[PDB]
Amino acid sequence: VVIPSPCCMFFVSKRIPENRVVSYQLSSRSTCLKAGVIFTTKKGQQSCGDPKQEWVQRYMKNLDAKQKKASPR
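When we follow the deposited numbering, the leftmost residue of the sequence shown carries the number 1, and every step to the right adds one.
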(Lines of atoms letter the chains of each structure in order from A; the text may use other names.)
(Lines give C-alpha, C1' and ligand atoms only; values in the text may rest on other atoms or scores of the structure.)
Protein backbone atom coordinates (compact mmCIF):
# COMPACT_ATOMS: atom_id res chain seq x y z
CA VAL A 1 0.00 0.00 0.00
CA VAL A 2 1.61 3.31 -1.07
CA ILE A 3 0.21 6.85 -1.20
CA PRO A 4 1.59 9.79 -3.20
CA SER A 5 0.64 13.04 -1.40
CA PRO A 6 -2.92 14.38 -1.71
CA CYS A 7 -3.25 18.00 -0.50
CA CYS A 8 -6.26 19.94 0.83
CA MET A 9 -7.27 23.54 1.65
CA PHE A 10 -8.08 23.42 5.40
CA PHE A 11 -7.00 21.39 8.46
CA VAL A 12 -9.66 19.26 10.20
CA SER A 13 -11.59 21.44 12.68
CA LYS A 14 -10.94 18.59 15.14
CA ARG A 15 -9.83 14.94 15.29
CA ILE A 16 -12.07 12.16 13.90
CA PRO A 17 -13.97 9.11 15.18
CA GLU A 18 -11.97 5.93 14.42
CA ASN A 19 -15.35 4.25 13.77
CA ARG A 20 -15.68 6.52 10.70
CA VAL A 21 -12.09 6.88 9.46
CA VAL A 22 -10.80 4.18 7.10
CA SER A 23 -7.23 5.18 6.19
CA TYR A 24 -5.01 8.26 5.86
CA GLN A 25 -2.89 9.61 2.97
CA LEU A 26 0.43 11.27 3.87
CA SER A 27 1.29 14.43 1.91
CA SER A 28 4.64 16.27 1.91
CA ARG A 29 5.46 19.50 0.01
CA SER A 30 6.03 23.25 0.54
CA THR A 31 3.10 24.15 -1.75
CA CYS A 32 0.11 22.56 0.04
CA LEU A 33 -1.31 23.37 3.50
CA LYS A 34 2.09 22.86 5.19
CA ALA A 35 3.02 19.28 6.16
CA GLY A 36 0.21 17.10 7.56
CA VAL A 37 -1.71 13.87 6.84
CA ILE A 38 -5.06 13.30 5.09
CA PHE A 39 -7.74 11.05 6.61
CA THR A 40 -10.75 9.74 4.69
CA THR A 41 -14.04 8.71 6.31
CA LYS A 42 -16.22 5.71 5.38
CA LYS A 43 -18.91 7.88 3.77
CA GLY A 44 -16.25 8.93 1.23
CA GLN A 45 -14.94 12.13 2.86
CA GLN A 46 -11.29 13.28 3.06
CA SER A 47 -10.19 15.68 5.83
CA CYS A 48 -6.56 16.76 6.39
CA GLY A 49 -5.34 15.30 9.70
CA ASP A 50 -2.78 17.24 11.73
CA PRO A 51 0.30 15.22 12.73
CA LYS A 52 0.77 17.44 15.80
CA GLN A 53 -2.55 15.98 17.02
CA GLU A 54 -2.56 12.56 18.74
CA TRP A 55 -5.45 11.07 16.71
CA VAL A 56 -3.58 11.21 13.38
CA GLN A 57 -0.64 9.62 15.22
CA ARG A 58 -2.79 7.26 17.31
CA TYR A 59 -4.45 6.34 14.01
CA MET A 60 -1.27 5.95 11.93
CA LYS A 61 -0.22 3.50 14.67
CA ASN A 62 -3.18 1.10 14.34
CA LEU A 63 -3.08 1.75 10.58
CA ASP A 64 0.59 0.70 10.32
CA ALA A 65 -0.01 -2.48 12.36
CA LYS A 66 -2.11 -3.81 9.46
CA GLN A 67 1.23 -5.05 8.08
CA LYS A 68 1.13 -8.11 10.38
CA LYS A 69 -2.69 -8.12 10.65
CA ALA A 70 -4.98 -9.35 7.85
CA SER A 71 -8.63 -8.62 8.74
CA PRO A 72 -10.85 -7.50 5.84
CA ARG A 73 -13.91 -7.28 8.12
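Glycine included, each C-beta is placed from N, C-alpha and C at the ideal position.
Given a threshold of 16 other Cβ atoms within 10 Å of its Cβ, counted over all protein chains shown, does residue 89 qualify as buried or as exposed? Because the chain is modelled from 1 through 73, residue 89 falls outside the range shown and cannot be assessed.
Starting from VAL56, trace the alpha helix (DSSP H) both ways and give me its first and last residue. Taken as a continuous stretch (DSSP letters only), the alpha helix (DSSP H) holding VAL56 covers 54-64.
Inter-residue Cα distance where the pair is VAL1 and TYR59: Distance between the alpha carbons of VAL1 and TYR59 is about 16 Å.
Separation of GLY44 from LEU63, as counted between CA atoms: Rounded to the nearest angstrom, the two C-alpha atoms are 18 Å apart.
Between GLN53, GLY49, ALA65, which has its C-alpha nearest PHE11's C-alpha? For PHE11, the closest C-alpha among the options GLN53, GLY49, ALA65 is that of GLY49.
Which runs of the beta strand (DSSP E) spanning at least 3 residues fall entirely within the region 17-41, listed in chain order? Taking only runs of at least 3 residues, the beta strand (DSSP E) segments lying wholly in the region 17-41 are 21-27, 36-41.
Am I right that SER27 and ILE16 are in contact with their C-beta atoms under 8 Å? What's the rounded C-beta distance? 16 Å between Cβ atoms; not a contact.
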